[PDB]
Amino acid sequence: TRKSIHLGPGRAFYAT
Amino acid sequence: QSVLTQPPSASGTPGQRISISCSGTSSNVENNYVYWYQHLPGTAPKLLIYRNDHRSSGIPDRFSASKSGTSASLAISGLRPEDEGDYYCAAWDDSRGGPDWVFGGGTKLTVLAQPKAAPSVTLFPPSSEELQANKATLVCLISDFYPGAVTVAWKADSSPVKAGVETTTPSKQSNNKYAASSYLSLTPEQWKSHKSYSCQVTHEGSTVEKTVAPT
Amino acid sequence: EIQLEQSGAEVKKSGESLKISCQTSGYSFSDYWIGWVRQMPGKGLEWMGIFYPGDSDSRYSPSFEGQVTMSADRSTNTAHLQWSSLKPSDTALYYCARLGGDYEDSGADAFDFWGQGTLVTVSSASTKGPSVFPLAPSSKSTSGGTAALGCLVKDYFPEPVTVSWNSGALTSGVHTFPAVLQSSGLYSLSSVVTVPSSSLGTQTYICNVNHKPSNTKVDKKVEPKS
């Protein structure tokens, strides 16, 4: 991917 | 909620350990990953630390970081002259429920290259020529200070002057000490009225004040 | 080796449009967010937004939404930032950076590779030569040693200005200070010389100001105040 953004442990935006 | 607060300045001598502080909120620093960047003259910002406390590859191990509650800190031991520069914390913030990236305000680290030096202040009152032109400028000239940060306050008599002040960023002189200048703009009626005007420059807790008056 | 290469410095007039560039190399352009970061003179780094070249997705920081446009040309691996109406307050160094790190098999989280930055200066002023005023000796016969006098070089555009004293024969104790940029878009600077208090009624002191953009030369006589 590389589009998903990891904000923190166990959490992300733009995930699939 | 999307603010990371850093002290504007830190200083140390070669060899010392310093700690750069960053204060966020539950919206960023407490739960989201913190990152640290170094920013030196003529170079892009450089990733130092990722995910709170992991050093980036190639980075020297005298760089370290940690996290507790809403505070984060970057430890630099074995402080070297090369370390002089701006250091930023950074985090994702989710106040908008979105991936917003926030930089801290930055901390300007001085690695002490020479002995500390008090500023010379010189204050010029408006020239008569300028007053014939129906303008009035007071000129405050600040030189030979080290490290390179000053605070300028202007006074109309004993009271603080907010409006009409323009001050430069400090610039490194040829002798590696710093220089700055501050200009207060007045209508001639403003200048004429008061008993005096003052330029207050403060450097490392020490204040130098020069005053001028009509005639 | 991953590199981002940004376009060159720009000097614009307020109200003008501008598109700046960041060309990438070393990796799949379509696959990583590209971010933009602004630094105003004497201020810190400030996040503008991220743009995803693969599908044209975008996120703008609230302050930048509607004020600037991110885009990307996939034919040339170039990310762009553009303004249709530049304002003086857009004067800044602008950075482009990749959001990566590759700390896991998937995803991104930190701006890892950075462009060298592109400087944009925006002014609403036009060419104007300075008013040069004399900054008169604070007192004459003070028994404290030396004296300070100068030239206020006021309200010019653009930089630079050249200053000399007694046509360059007087250099000792001369300090010409960096300009301040006023909210008007015009600059002012000061030049000051340190001299013996005893030779005020002896040696004349003229400052020689040269502002070549407006083609101004001014020679001002700096004398003790009445």
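Protein chains in written order, with my numbering: chain A, 2 to 17; chain B, 159 to 373; chain C, 9 to 234.
Just so it is clear, CB atoms sit at the ideal spot from N, CA and C, and this is done for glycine as well.
Would you verify that the beta carbon of residue i is, or is not, closer than 8 Å to some beta carbon of chain B?
i, result
"residue 124/C", "yes"
"residue 9/A", "yes"
"residue 219/C", "no"
"residue 89/C", "no"
"residue 178/C", "no"
"residue 144/C", "yes"
"residue 162/C", "yes"
"residue 190/C", "yes"
"residue 132/C", "no"
"residue 182/C", "no"
"residue 120/C", "yes"
"residue 55/C", "yes"
With a cut-off of 8 Å, does the C-beta of residue i fall near any C-beta of chain A?
i, result
"residue 245/B", "no"
"residue 211/B", "no"
"residue 208/B", "no"
"residue 116/C", "yes"
"residue 68/C", "no"
"residue 333/B", "no"
"residue 102/C", "no"
"residue 39/C", "yes"
Between the Cα of residue i and the Cα atoms of the options, which residue gives the shortest distance?
i, options, result
"residue 230/C", "222/C, 206/C, 140/C and 188/C", "140/C"
"residue 262/B", "183/B, 281/B, 170/B and 288/B", "183/B"
"residue 211/C", "220/C, 160/C, 59/C and 201/C", "201/C"
"residue 179/C", "189/C, 203/C, 187/C and 164/C", "203/C"
"residue 211/B", "352/B, 163/B, 223/B and 164/B", "223/B"
"residue 322/B", "343/B, 329/B, 187/B and 161/B", "343/B"
"residue 21/C", "129/C, 112/C and 214/C", "129/C"
"residue 357/B", "325/B, 331/B and 347/B", "325/B"
"residue 146/C", "371/B, 317/B, 363/B and 290/B", "371/B"
"residue 208/B", "162/C, 224/C, 36/C and 118/C", "118/C"
"residue 232/B", "264/B, 256/B and 257/B", "264/B"
"residue 142/C", "167/C, 199/C, 121/C and 187/C", "199/C"
"residue 162/B", "221/B, 228/B and 257/B", "228/B"
"residue 219/C", "102/C, 208/C, 164/C and 158/C", "164/C"
"residue 165/B", "230/B, 159/B and 225/B", "230/B"
"residue 186/C", "373/B, 288/B, 298/B and 346/B", "298/B"
"residue 373/B", "364/B, 349/B and 362/B", "349/B"
"residue 254/B", "110/C, 60/C and 70/C", "70/C"
"residue 282/B", "169/C, 197/C and 206/C", "197/C"
"residue 369/B", "317/B, 328/B, 273/B and 272/B", "317/B"
"residue 156/C", "96/C, 207/C and 176/C", "207/C"
"residue 167/C", "77/C, 183/C, 116/C and 134/C", "134/C"
"residue 347/B", "361/B, 225/B and 290/B", "290/B"
Compare the C-beta of residue i with all C-beta atoms of chain C and state if any pair is closer than 8 Å.
i, result
"residue 3/A", "yes"
"residue 221/B", "no"
Tell me which same chain residues have a C-beta within less than 7 Å of the C-beta of residue i, skipping the five on either side of it?
i, result
"residue 72/C", "56 and 57"
"residue 205/B", "193, 195 and 214"
"residue 100/C", "46, 47, 48 and 128"
"residue 315/B", "352, 353 and 354"
"residue 174/B", "237"
"residue 136/C", "163, 164, 165, 194 and 222"
"residue 220/B", "234, 235 and 236"
"residue 3/C", "As displayed, chain C neither begins before 9 nor continues past 234, which places residue 3/C out of reach and without an answer."
"residue 313/B", "319, 355, 356 and 358"
"residue 175/C", "216"
To which residues of the same chain is residue i closer than 6 Å at the C-beta, ignoring the five residues directly before and after it?
i, result
"residue 30/C", "12, 14, 87, 104 and 123"
"residue 32/C", "12 and 85"
"residue 359/B", "277, 279, 300, 308, 310 and 366"
"residue 93/C", "23"
"residue 266/B", "167 and 244"
"residue 170/B", "176 and 237"
"residue 340/B", "298, 310 and 325"
"residue 43/C", "58, 105, 107 and 119"
"residue 90/C", "27 and 77"
Measure from the C-beta of residue i to each C-beta in chain E and report whether the shortest distance is under 8 Å.
i, result
"residue 195/B", "Given the protein chain composition of this structure (A, B and C), no chain E is represented."
Quick one: what's got a C-beta closer than 8 Å to residue i's C-beta in the same chain, skipping five residues either side?
i, result
"residue 18/C", "26, 28, 126, 127, 128 and 129"
"residue 203/B", "195, 196, 197 and 246"
"residue 258/B", "160, 250, 251 and 252"
"residue 62/C", "38 and 39"
Mind pulling the beta strand (DSSP E) runs of 3 or more residues that sit fully within the stretch 181–229 of chain C? 182–184, 195–204, 214–219 and 224–229
Taking the runs of the beta strand (DSSP E) that are 3 residues or longer, which of them lie wholly in the stretch 274–338 of chain B? 278–282, 294–303, 309–314 and 323–325
Taking contact to mean 3 or more Cβ pairs, one atom from each stretch, closer than 8 Å, check whether the stretch 297–308 of chain B and the stretch 328–338 of chain B are in contact. yes
Evaluate the contact criterion for the stretch 174–181 of chain B versus the stretch 236–248 of chain B: three or more CB pairs, one atom per stretch, below 8 Å. yes
The stretch 44–52 of chain C / the stretch 148–161 of chain C touching (three or more Cβ pairs under 8 Å): no
Note down, one range per segment and in chain order, each beta strand (DSSP E) of at least 3 residues found wholly within the stretch 79–140 of chain C. 86–91, 100–108, 118–122 and 126–131
Quick one: complete beta strand (DSSP E) runs, 3+ long, within the stretch 18–73 of chain C? 18–21, 26–33, 42–47, 53–60 and 65–68
Which parts of the stretch 148–174 of chain C are runs of the beta strand (DSSP E), unbroken and 3 residues or longer, counting only runs that do not cross its ends? 154–164 and 170–173
Every unbroken beta strand (DSSP E) within the stretch 204–234 of chain B, with a cutoff of 3 residues, ordered by chain: 204–208, 221–226 and 229–234
At 3 residues or longer, what runs of the beta strand (DSSP E) sit wholly inside the stretch 162–212 of chain B? 167–170, 176–181, 192–197 and 204–208
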